[PDB]
Amino acid sequence: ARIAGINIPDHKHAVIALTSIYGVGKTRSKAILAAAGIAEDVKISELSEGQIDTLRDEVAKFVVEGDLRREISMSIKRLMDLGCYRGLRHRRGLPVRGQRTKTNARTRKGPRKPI
Amino acid sequence: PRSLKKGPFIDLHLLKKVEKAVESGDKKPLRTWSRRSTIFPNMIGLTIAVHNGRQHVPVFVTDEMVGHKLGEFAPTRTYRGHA
Amino acid sequence: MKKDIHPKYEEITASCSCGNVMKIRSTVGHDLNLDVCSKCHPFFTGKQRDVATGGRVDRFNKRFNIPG
Amino acid sequence: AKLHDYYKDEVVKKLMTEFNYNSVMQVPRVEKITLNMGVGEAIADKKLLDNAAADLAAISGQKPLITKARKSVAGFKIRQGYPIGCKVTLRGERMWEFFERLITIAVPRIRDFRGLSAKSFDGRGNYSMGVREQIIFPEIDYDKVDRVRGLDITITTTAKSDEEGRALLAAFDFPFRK
RNA sequence: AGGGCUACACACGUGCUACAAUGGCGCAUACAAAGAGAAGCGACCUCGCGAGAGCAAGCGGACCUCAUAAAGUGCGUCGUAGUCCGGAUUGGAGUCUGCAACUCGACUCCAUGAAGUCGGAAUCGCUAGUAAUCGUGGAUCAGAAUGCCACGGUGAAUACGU
RNA sequence: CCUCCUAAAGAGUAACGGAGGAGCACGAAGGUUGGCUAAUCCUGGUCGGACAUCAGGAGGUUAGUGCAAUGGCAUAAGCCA
Ligand SMILES: [Mg+2]
Ligand SMILES: [Mg+2]
Ligand SMILES: [Mg+2]
Ligand SMILES: [Mg+2]
Ligand SMILES: [Mg+2]
Ligand SMILES: [Mg+2]
Ligand SMILES: [Mg+2]
Ligand SMILES: [Mg+2]
Ligand SMILES: [Zn+2]
């Protein structure tokens, strides 16, 4: 199935199959399935192309995939270009939301760099 | 962040001093220690010398800073790498 | 065009979700139900627009409604 | 086909009526469409060159020319005569049908399509764009794909200038970033 | 008054959460013990997806409130995949407390979905209601526990021997 | 043994004079018929980068010749079938 611009996994159940879209998680997929009137347990491969079409049509009101990547990049780029504290943490690759950097900043700082 | 039912926060000394500045067309920097005050749209075009601990960093106010505290544009800690 | 070298080029029908029925030759070998067309894409229809990238003052005034 | 007849019916007159051509065949026409896959790692595996050749044979209507290295290069560890590319030129009715198939199906199948660049001309009215993935074409399914693979499309036209080539492809409703 | 004690090429100790199927999730349902409470615990009803808000009963307490315990059980689903595992990080929107939440709070929602598939040399605890795990409460405290102190639920293995 | 210079515009011409190569390779890298033209640079173009491949332009042999140097070579002696 081709909802938004990417390929949905056909062998899985609708809810998880739809969560494979940048911008749709479990509860947003549940809301999409509940507004479409399709069970979440039905496989996407076992439902008709009209159901695929309305699934696409009400995925389309959620800003998702590349538009969401554009919005997220634009927000982080606005912070970095503005040069606030969150901007300098994004520029230096340090944690932004007040976590400790003496230890355990490893997700933001990448793997360990020996001196 | 602060609740929307309580409004935004701004220190009065600054609010009155920037009303005076935007009323008289003051172009001297607004010297302040109030890093906790939310930027309002009446600081647009003025430079605010916000304290950071040891000197007043002057930050010129643009359209994108509205809704941010004054202290985000004054970095308090100095760090220039380790080795 | 050589004969026994090339892939089979048969005429099939391409149909969009918007009801765009269409006759094109290709190497698919079956009729297909594609999902975006050139009468259907937001860039082709002009519906893409842009991101906001501004309105911080309007966001402030909308979320606060303060006197002064 | 639909676009050669479209071309011959309105695109010729449209260009005439704005460019003030003194002759009928001073109008730009497209000459050929050339598809190129620069495989590269065929030296590591000759079989994926055959996979990319089958991909280009599915994407176009024709079998591709397996294209060897022109001169020996150390930095990619190739020798002269080592097969590293796939080339198809379409050039006629299959060019017009591929131009339809591209403009109508494959370009709106591009993930995150914000528009094709209008600065992607050579300076002599010939256009070149890069397809990032062969799945944008519906000739190959999502299932039997060994690896992702893009390609290069160049429209070689008759036009002598940048503005002519830009003005001609827009007469066929080409998605320029505008 | 503002900043710092919260920094960050790195090294170590002590924890927490995991890498999953003896499990994840969804619905229904069973069984605690100890404790706290007046600038406090705050029902019921209404509103909010939620954090929570409004109105407001009772309670200086075997009475009222915090506070329908969780693992378990039953049905379904996932089917061995970096996954419906994991939940780090980040963007946007918020709630509460406090003069004030930028440095530098907790929590909620939506999106994001990092490392990790049982860990080298080495090393720790524990002999029974113990270890392992599963929740609960208190002090400190305007707010701010994965820490500490305490409380129950399930509940082993193994000790020839010096 | 081969090539250039010395070598004085026919040939030839010495030095423990100045510079370099050979002791092979190819049943195609030979014959013929048909066809084709290079280097390098620029501008575009998925990964792709200084340099792989594609397209156009400038350029005009600055390439190529199985191997040194010299003389040849577009009717190509160069490249392909
Ligand atoms: Mg002080
Ligand atoms: Mg189960
Ligand atoms: Mg999970
Ligand atoms: Mg008591
Ligand atoms: Mg990994
Ligand atoms: Mg002579
Ligand atoms: Mg003579
Ligand atoms: Mg020869
Ligand atoms: Zn359509």
Side-chain angles (χ1 to χ4, degrees), chain A residues 12-13 15-16 19 22-28 40-41 62-64 68 71-76 79 84-86 90 94-115, chain B residues 1-5 9 11 32-38 50-54 56 68-79 81-83, chain C residues 63, chain D residues 32 34-40 42-43 67-71 73-78 82 84-87 89 117 119-133 148-157:
Chain A
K12 270 145 51 153
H13 293 2
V15 255
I16 326 293
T19 73
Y22 195 73
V24 176
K26 179 83 149 314
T27 170
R28 242 196 226 199
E40 286 90 294
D41 26 299
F62 285 126
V63 34
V64 285
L68 193 67
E71 195 200 336
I72 286 168
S73 67
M74 212 80 41
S75 63
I76 299 180
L79 289 172
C84 54
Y85 182 84
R86 302 206 289 156
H90 272 297
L94 294 186
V96 186
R97 290 158 174 203
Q99 307 97 312
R100 51 163 348 119
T101 55
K102 190 190 211 143
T103 57
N104 296 149
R106 283 295 128 209
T107 279
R108 283 295 291 180
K109 297 205 293 186
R112 218 150 286 224
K113 299 155 325 194
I115 83 189
Chain B
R2 192 181 154 110
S3 44
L4 297 192
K5 74 170 192 206
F9 181 74
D11 268 294
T32 187
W33 283 262
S34 147
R35 331 174 8 112
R36 357 139 59 156
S37 40
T38 290
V50 37
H51 206 231
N52 76 329
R54 84 172 136 180
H56 292 90
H68 281 89
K69 312 298 204 88
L70 285 198
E72 323 197 29
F73 312 100
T76 66
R77 308 217 242 326
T78 133
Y79 174 73
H82 274 296
Chain C
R63 73 185 325 228
Chain D
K32 72 208 187 177
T34 320
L35 270 38
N36 180 63
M37 301 176 173
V39 174
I43 39 183
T67 292
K68 299 137 304 301
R70 201 245 313 183
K71 89 178 160 163
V73 186
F76 322 121
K77 314 201 192 290
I78 68 179
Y82 252 115
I84 45 170
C86 286
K87 179 182 110 162
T89 189
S117 203
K119 301 210 306 305
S120 282
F121 276 96
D122 57 350
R124 248 94 172 180
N126 311 136
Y127 193 77
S128 295
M129 66 172 234
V131 161
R132 298 296 299 278
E133 42 249 354
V148 63
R149 214 145 26 202
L151 61 95
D152 271 0
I153 293 156
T154 299
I155 312 323
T156 307
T157 72

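Values below: every heavy atom of this structure, side chains too, minus hydrogens, waters and symmetry copies. Throughout, protein chains are lettered first and strands after them, A, B, ... in sequence-line order, and every chain is numbered starting at 1.
A:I72 places a side-chain heavy atom less than 4.5 Å from the side chain of A:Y22.
Partners of D:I78 under the side chain to side chain contact (heavy atoms under 4.5 Å, CB included) rule, at least two apart in sequence or in another chain, are D:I43, D:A69, D:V73, D:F76, D:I84. Every side chain to side chain contact (heavy atoms under 4.5 Å, CB included) that A:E40 has, sequence neighbours left out, goes to A:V15, A:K30, A:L33. In this structure, B:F9 has no ring-ring contact (aromatic ring centres under 6.0 Å, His included) partners at least two apart in sequence or on a different chain. Here A:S75 pairs with nothing under the side chain to side chain contact (heavy atoms under 4.5 Å, CB included) rule; sequence neighbours left out. With sequence neighbours excluded, the residues forming a salt bridge (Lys or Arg N to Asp or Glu O under 4.0 Å) with B:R36 are B:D11, listed by chain and number. For B:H51, the ring-ring contact (aromatic ring centres under 6.0 Å, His included) partners at least two apart in sequence or on another chain are B:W33, B:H56.
Between the P atom of E:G3 and the NE2 atom of B:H56 lies a distance of 11 Å, rounded to the nearest Å. If you take CG of B:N52 and P of E:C104, they are 14 Å apart, rounded to a whole angstrom. Rounded to a whole Å, the CZ atom of D:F76 is 9 Å from the P atom of F:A50. Atom CD1 of A:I72 and atom P of E:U89 are 17 Å apart (whole Å). Going from atom CZ of A:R100 over to atom P of E:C5 covers 11 Å, rounded to whole Å. For the pair D:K87 NZ and F:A52 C1', the interatomic distance rounds to 16 Å; values are reported in whole Å. Taking atom CZ of D:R70 as the reference point, atom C1' of F:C54 lies 13 Å away to the nearest angstrom. For B:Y79 and E:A9, the OH to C1' distance is 6 Å, given to the nearest whole Å.
Side-chain atoms of D:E133 do not come within 3.5 Å of backbone N or O of D:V131 as any donor-acceptor pair.
Between the base of E:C110 and the side chain of A:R28 there is no donor-acceptor pair shorter than 3.5 Å. Side-chain N/O atoms of A:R97 and base N/O atoms of E:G91 include a donor-acceptor pair closer than 3.5 Å. Taking only distance into account, the side chain of B:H68 never meets the base of E:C102 through a donor-acceptor pair shorter than 3.5 Å. Looking at D:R132, its side chain has no donor and acceptor atom pair within 3.5 Å of the base of F:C47.
Here B:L70 lies out of heavy-atom contact (under 4.0 Å) with every strand. In this structure, A:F62 reaches neither bases nor backbone, as no heavy-atom distance under 4.0 Å exists between it and the strands shown. As judged by a 4.0 angstrom heavy-atom cut-off over every strand, D:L35 is placed among residues making no nucleic acid contact. Within 4.0 Å of A:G23, counting heavy atoms only, lie sugar-phosphate atoms of the nucleic acid but no base atom. Within 4.0 Å of B:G71, counting heavy atoms only, lies at least one base atom of the nucleic acid. Here B:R54 lies out of heavy-atom contact (under 4.0 Å) with every strand. At a threshold of 4.0 angstrom between heavy atoms, the contacts of B:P75 with the nucleic acid are absent. At a threshold of 4.0 angstrom between heavy atoms, the contacts of A:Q99 are confined to the sugar-phosphate backbone, with no base atom among them. Within the 4.0 angstrom heavy-atom criterion, no nucleotide atom of any strand lies near A:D41. Contacts of A:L94 with the nucleic acid, taken as non-hydrogen atoms under 4.0 Å apart, involve only primed sugar atoms and P, OP1 or OP2.
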What donor-acceptor contacts under 3.5 angstrom involve side-chain atoms of residues 119-130 of chain D, with partners at least two apart or in another chain?
unit_1: D:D122; atom_1: OD1; unit_2: D:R124; atom_2: N; d: 2.9
unit_1: D:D122; atom_1: OD1; unit_2: D:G125; atom_2: N; d: 3.4
unit_1: D:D122; atom_1: OD1; unit_2: D:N126; atom_2: N; d: 3.0
unit_1: D:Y127; atom_1: OH; unit_2: D:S117; atom_2: O; d: 2.5
unit_1: D:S128; atom_1: OG; unit_2: D:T154; atom_2: OG1; d: 2.6

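Between D:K68 and D:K71, the residue anchored nearer the 5' end of RNA chain F, judged by the nucleotide with its closest heavy atom, is D:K71. Sequence order on RNA chain F of the closest nucleotides to D:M37 and D:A69 puts D:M37 first from the 5' end.
Side-chain proximity of B:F9 to E:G2, F:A52, E:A100: nearest is E:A100. Residue A:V96 has its side chain nearest to E:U90 when only E:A9, E:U90, E:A101 are considered. Relative to the side chain of A:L68, the nucleotides F:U46, E:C102, E:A111 differ in distance, and E:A111 lies closest. Of all nucleotides listed (F:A52, E:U90, F:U46), F:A52 comes nearest to the side chain of D:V73. Each of E:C102, F:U53, F:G45 was ranked by its minimum atom distance to the side chain of B:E72; first place goes to E:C102.
Stacking between B:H51 and E:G2 is absent: the ring centroid is not both under 5.5 Å from the six-membered base ring centre and under 30° in plane angle.
For the strand neighbours E:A144 and E:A145, base stacking is absent under the 5.5 Å centre-distance and 30-degree plane-angle rule. For the consecutive nucleotides F:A74 and F:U75, the six-membered rings of the bases fall outside the stacking limits of 5.5 Å between centres and 30° between planes.
In this entry E:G92 carries a north-puckered sugar, per its positive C1'-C2'-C3'-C4' angle.
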Tabulate atom names and distances for all N/O pairs under 3.5 angstrom spanning the protein and nucleotides 56-59 of chain F.
unit_1: F:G56; atom_1: OP1; unit_2: D:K32; atom_2: NZ; d: 2.6
unit_1: F:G56; atom_1: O4'; unit_2: D:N126; atom_2: OD1; d: 3.3
unit_1: F:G57; atom_1: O2'; unit_2: D:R124; atom_2: NH1; d: 3.3
unit_1: F:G57; atom_1: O2'; unit_2: D:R124; atom_2: NH2; d: 3.3

Short heteroatom pairs, N/O only, protein and nucleotides 10-12 of chain E, under 3.5 Å:
unit_1: E:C10; atom_1: OP1; unit_2: A:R106; atom_2: NH1; d: 3.1
unit_1: E:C10; atom_1: OP1; unit_2: A:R106; atom_2: NH2; d: 3.0
unit_1: E:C10; atom_1: OP1; unit_2: A:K113; atom_2: N; d: 3.3
unit_1: E:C10; atom_1: OP2; unit_2: A:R106; atom_2: NH2; d: 3.0
unit_1: E:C10; atom_1: OP2; unit_2: A:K109; atom_2: NZ; d: 2.9
unit_1: E:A11; atom_1: OP2; unit_2: A:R112; atom_2: NH1; d: 3.1

Extract from the structure each pairing of a protein N or O with an N or O of nucleotides 83-85 of chain E at less than 3.5 Å, listing the distance.
unit_1: E:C84; atom_1: OP2; unit_2: A:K12; atom_2: NZ; d: 3.1

Using atom names, set out every protein N or O paired with an N or O of nucleotides 50-53 of chain E below 3.5 Å, distance rounded to 0.1 Å.
none

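The nucleotide E:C151 finds its pairing partner in E:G135, both defining distances of the Watson-Crick or G-U wobble pair being shorter than 3.5 Å. Partner assigned to E:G13 is none, using Watson-Crick or G-U wobble distances below 3.5 angstrom. Nucleotide E:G143: unpaired (no Watson-Crick or G-U wobble partner with both distances less than 3.5 Å). Across all strands shown, E:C126 has no partner, as no Watson-Crick or G-U wobble contact with both distances under 3.5 Å is found.
For residues 103-115 of chain A, the side chain to side chain donor-acceptor pair (under 3.5 Å) pairs, not counting sequence neighbours, are A:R100-A:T103.
By the Watson-Crick or G-U wobble test, with both distances required under 3.5 Å, E:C85 and E:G116 count as a base pair.
Atom CG of D:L151 is separated from atom NZ of D:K87 by 15.0 Å, given to the nearest 0.5 angstrom.
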